[PDB]
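First the structure, in the form of structure tokens, and then the observations on it.
To keep things simple, chains are lettered A, B, C, D, E, F, G, H, I and J as they appear, and every chain counts its residues starting from 1.
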Amino acid sequence: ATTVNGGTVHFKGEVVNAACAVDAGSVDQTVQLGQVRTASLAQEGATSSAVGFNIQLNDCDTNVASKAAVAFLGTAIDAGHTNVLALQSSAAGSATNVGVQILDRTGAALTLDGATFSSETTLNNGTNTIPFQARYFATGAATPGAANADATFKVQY
Amino acid sequence: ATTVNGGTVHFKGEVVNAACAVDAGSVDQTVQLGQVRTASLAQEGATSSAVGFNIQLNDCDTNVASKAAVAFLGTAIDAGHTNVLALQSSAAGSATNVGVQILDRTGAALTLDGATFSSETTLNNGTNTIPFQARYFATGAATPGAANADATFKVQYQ
Amino acid sequence: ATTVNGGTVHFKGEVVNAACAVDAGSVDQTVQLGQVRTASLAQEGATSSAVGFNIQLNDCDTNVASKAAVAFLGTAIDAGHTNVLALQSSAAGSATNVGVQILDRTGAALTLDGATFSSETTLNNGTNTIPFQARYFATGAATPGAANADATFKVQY
Amino acid sequence: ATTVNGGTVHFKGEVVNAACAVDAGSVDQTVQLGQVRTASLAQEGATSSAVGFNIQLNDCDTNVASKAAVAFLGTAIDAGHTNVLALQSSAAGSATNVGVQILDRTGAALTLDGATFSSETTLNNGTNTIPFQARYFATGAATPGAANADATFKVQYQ
Amino acid sequence: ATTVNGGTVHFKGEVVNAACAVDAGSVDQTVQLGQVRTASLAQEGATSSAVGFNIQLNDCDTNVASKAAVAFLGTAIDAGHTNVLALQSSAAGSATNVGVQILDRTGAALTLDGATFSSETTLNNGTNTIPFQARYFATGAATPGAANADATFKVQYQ
Amino acid sequence: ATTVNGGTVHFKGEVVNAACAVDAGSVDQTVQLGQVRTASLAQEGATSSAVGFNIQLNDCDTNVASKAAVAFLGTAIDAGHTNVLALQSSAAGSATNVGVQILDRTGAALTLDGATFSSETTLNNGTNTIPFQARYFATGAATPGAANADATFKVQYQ
Amino acid sequence: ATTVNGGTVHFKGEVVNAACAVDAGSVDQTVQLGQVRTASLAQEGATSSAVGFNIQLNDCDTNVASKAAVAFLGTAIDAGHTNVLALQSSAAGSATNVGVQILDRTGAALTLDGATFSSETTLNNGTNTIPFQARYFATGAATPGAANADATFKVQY
Amino acid sequence: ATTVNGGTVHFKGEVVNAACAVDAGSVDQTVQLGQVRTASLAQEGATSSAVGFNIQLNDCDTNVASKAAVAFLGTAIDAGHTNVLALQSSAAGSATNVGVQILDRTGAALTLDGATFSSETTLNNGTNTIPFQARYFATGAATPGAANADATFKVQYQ
Amino acid sequence: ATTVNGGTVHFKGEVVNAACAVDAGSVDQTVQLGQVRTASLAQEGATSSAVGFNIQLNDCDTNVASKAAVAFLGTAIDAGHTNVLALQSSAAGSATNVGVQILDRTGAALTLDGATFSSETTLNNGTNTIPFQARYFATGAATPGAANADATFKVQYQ
Amino acid sequence: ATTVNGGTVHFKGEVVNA
């Protein structure tokens, strides 16, 4: 009686054949860096404060894997500055002479190549969360504007 | 060994040349006002209680800027009440003849046009928490439903 | 002098014609059950300790209504166990054969169908609080993993 | 042998360039005001009793500063009453025509603008405590309901 | 001089149109009961000794109401044993088959229905005190574990 | 008989095969460190005073394990000081050359990798408490600003 | 006539399987050591005046346990000072190179590891009281500040 | 054998570099002023009986310090009556227009600002005691109600 | 010089519109009944030796009121024995099946209801005293254990 | 005529089977 059409429901995910599976809330997440003053980034090589984002690994099997690492893939600003991530803002008028950096567990910038992985982290039965930090890196005289970027990650067990 | 692609992360931020930087928790926050009885908003001009939301400014350098004002931009319900915010929840199920206001620290409702700033608030060399209040406003008889709203805010430095 | 686009702010809420209105801290909330040892949840029908949450009502004019009742609604775990919440979390790394159970103030499991309301609670002309408990119910052998559940509630007067 | 994921912890603090550091307990605190009768708050200008609360300053240095003053940045209930906070608990249930006044050590209310500092208090080497009080102030005929207000403070060291 | 953001102060209170107001130290209190022997509570229907806690009433006016009473609400341990508090502690390491009973000044357990008020008490102009007791009641074989109950009370003035 | 939708409730827990279960109030807690002085933290390697927190373990069973230890996982400042956390706040406004660090009951800094556990504590057959002290560590010249750090702990029974 | 919601009443306690039960006045307590002088706590190994307190045990039976002892657990100062409880007040304004230490009835410091227990005391069929002293121990040149300490104790029978 | 969790114990105190140490029984002492009739306080300038409390100092040496004075800091009830302490009771049911006054050996009141000091007493090697008196000083017509006043104190040596 | 933070003090009292003021030693006193033998209280109705305390009234004005009386409010053990206070020492190790009784001046036990006042006593101008007796009262067979109770009292002036 | 309240009285004691 009065059965009407609904809509469309989509699904996403991957059937990984690995020790640990990435959390559904960590596969696709956003990191709200906030706002940065150009005064803190005016000098070449200047670095802003960092915010922390975590990656959650579920159903870890310590029987086959003990150490885990993560490598980040993105678009570098330049060959010389390969650890800094360029800005992929959709609209025009974005920030100039700035980028974003993903730090390591030991407070080191991660190379965006795919062959350099994060610091080895011990895995735990069940849920194992590993932390990361995201910060702004100024390659020169900063300029006000939007600043958004994207990066994928690949986990090695 | 068993290297597997995971997902992706989207960094969102803004670079400004002002003297303060809005907090990461303040650039996008979801104030929740709970439920409001129709008895409170039955008549025109009746205002519900207020729920406080505050915008935090970080790394404020007072040597270049003394005070800071915040203005709000949004869609008013009608020209009769240019100080409220129209509901933008969905096509159906929204409440009728109701709205939400944004109150400055002085106690006067702000103007949702993006040009009328708030009262000047002095700053200090550090974290600055500018307080605000959100209350429901009735433009007539309030019918039951949902109530969601979105408003942009701009910060001036004088 | 200079001005900058600060950001965006969202507001959420509901307008109701009932006698009471649910508090902003009670419309949406999260509780921490805490870790539970698998030894405690060994056989079917096992029960763990119960944490406490509550729902806050306001402006409860006893003239309009004197009693309040609550009916919950979530995802059951089995056809037989209609009163046990299923664990609605990420696909991998979730505890199995166990669910969350909601206890009314009379110490009884609340049906999740959405039509069986809780025991009637008398109201007063002012702020009110209705207590509830969350415990764990195991339908077999409990397994290690996380346990997150979401359940809506509906108040009757 | 067995290793189990426990949970997470967050540490919150502030590094400051002042003479005294605010105590951890006084940085975030919940003053309790119990209940107030409408007969006590019946007509405009009424005032309930005052509930005591103090802010503790740790690791003070007499050489760099000798006096301490504070100023509260809250939200005024009305444009005519700038020294009274506005209740903010939920969109429905709060009390009307009632706010809270914060009295300094001289028994005078402090305006909620963040610039009018309270009376100066001489400091001591080491731990120091600055006393205050909080009371209910009625702007008209009080109405039963909840009453929760928030206010941040800025401390100067002349 | 130098100024810094100290912190935030929250106030919690409630204005009510009642004959009496409840004390700030009595609206939210913690009662320590201490350890109790599983040997003493092993039998079904056992009873431990009681711990005394009291609720303070302020600004009582005998003209408005001459008597007062208190009713309690909380989660009952069982359907049969409806006058015993349940356990509101964490989900692990909590003593089962035991609960807490509220004893009125008449030495009787109070039903947790919320509409069953305790015995009437004569009021006087000024501060009043209403005494109560808390003790452990066993529904079977008591087991080792923690015990942290919780309840919410409604005061009736008539 | 009006029936109205109220809202939603979420639960969080982790059923584990462990000797002891972590307390509900300990799986996710906050530690307020108050404030600290730049003049105090000016020198490199200077340590401020330490505030105390603790992890509570419930439902311990000595039969399966008698000793418990935890290890804290976080983001170090750099390779020079691997035992000091790095602040995680908004992109602007945080302090520089200052980090939170954790000390066990032996008064030693804990390495932040999740592989080096704290000193093993003997457990009882009930509630147990593992204490820790969070303190500020300066890697150089301190700078005023906020400091919000995060860490995750992993319990091991052996 | 008029009904008004007053507030909440919390409870605390434990049910333990032991000969004795710790008194409610001793499950948690605050004891004041008073102020002390740096001139007194000048050199290493100094000692302040010892304040007294006690732990009360109720409902004791001697046919299931004859002797009792306690063990204290807290945070030590250094590796070379395993019986000096540290100071836990805040991130500023606390004394340095001085720590509270606990002495049993014999007059010997109790190790803060939680494993070593106090001197055995005989039990009586009734309320028992075990005395203790608290004092300041200087690990070096003491400095002005506050002194707040916490210690968790366990009872062996 | 059958080890069980006992509880927790808190130690509170201070370390100072002065020539005297305040006794633990006087650091946080409580004084009962009894009761007083409204008839005895009917006009400005009234007084009540003065009960005596002592602040005990031990480990004093005359080589370093010779004089000792105590300065009381509290919330003055009025600007004109700056030597009178207000009432930090609950928000309702407290007395009005009635304050507390702190005396000295000489018999005159002490200003509550804290800059001014009491009469200097010559110290002697060992244990010392400084007496004081507390009474009710009316600022006007008296009204019934409780009165709980908290005041800090500093000690000077010269 | 060398000013140090001595500490803090509290003052508790109450201003009442009554013909008499109660002395501090009466408003807060601790009376001790001492150890008793079970054989003395073997049967129901047997009582221990009675100790004597007293309450002191100050500034009693005969013109305002001439007769004084006292009513005690507490927790009765049973609905059959309503004149005996229950024990509130703790939740364990408290003497069972026994309570305390508060006999008036003439020698009769006073009901624990708040409206049952003592025998009228003529008041003398100045300072007066009212003597009361505290004793034990055991139903059934008394058992070893601590016996601590408490009760509030009201005074009526005619 | 005028009914006010005083303070409170705390009784301390023990029971022994000796």
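What we mean here is this: contacts are C-beta pairs under 8 Å (C-beta built on N, C-alpha and C of every residue); 3 or more make two chains touch, one makes a residue touch a chain.
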Requested in this report: Give the chain pair, either G-H or D-G, that is connected by more C-beta contacts.
Outcome: G-H
**Report entry** Rotation, 0 to 180 degrees and nearest 5, that superposes chain B on copy chain H via CA atoms
**Finding:** 30
Requested in this report: Give, as an integer number of Å, the spacing between the C-alpha centres of chain H and chain D.
Outcome: 24
Report summary line: Whole-angstrom distance, CA centroid of chain H to CA centroid of chain J, is 28
Query raised in the report: Using CA atom averages as chain centres, what separation in Å is found between chain A and chain H?
Result: 59
**Report entry** Separation of mean Cα positions, chain J and chain C [Å, integer]
**Finding:** 46
Requested in this report: Would you give the residues of chain H that are in contact with at least 2 other chains, written as numbers and ranges?
Outcome: 3-5, 8, 14, 16-19, 22, 27-28, 35, 89-94, 144-146, 150-152, 154
Query - In the complex, chain I residues that touch chain G - result: 4, 6-7, 89-94, 144-146
**Report entry** chain D residues within the chain B interface of the complex
**Finding:** 14, 16-17, 73-79, 81-82, 86-94, 112-115, 145, 150-152, 154
Query raised in the report: Once bound in the complex, which stretches of chain E touch chain B?
Result: 2-5, 8
Query raised in the report: In the complex formed with chain D, which residues of chain E make contact?
Result: 1-28, 58-59, 61, 64
Requested in this report: Under the touch definition given earlier, write down the residues of chain G that touch chain I in their complex.
Outcome: 13, 20-21, 23-25, 35, 57-60, 125-127
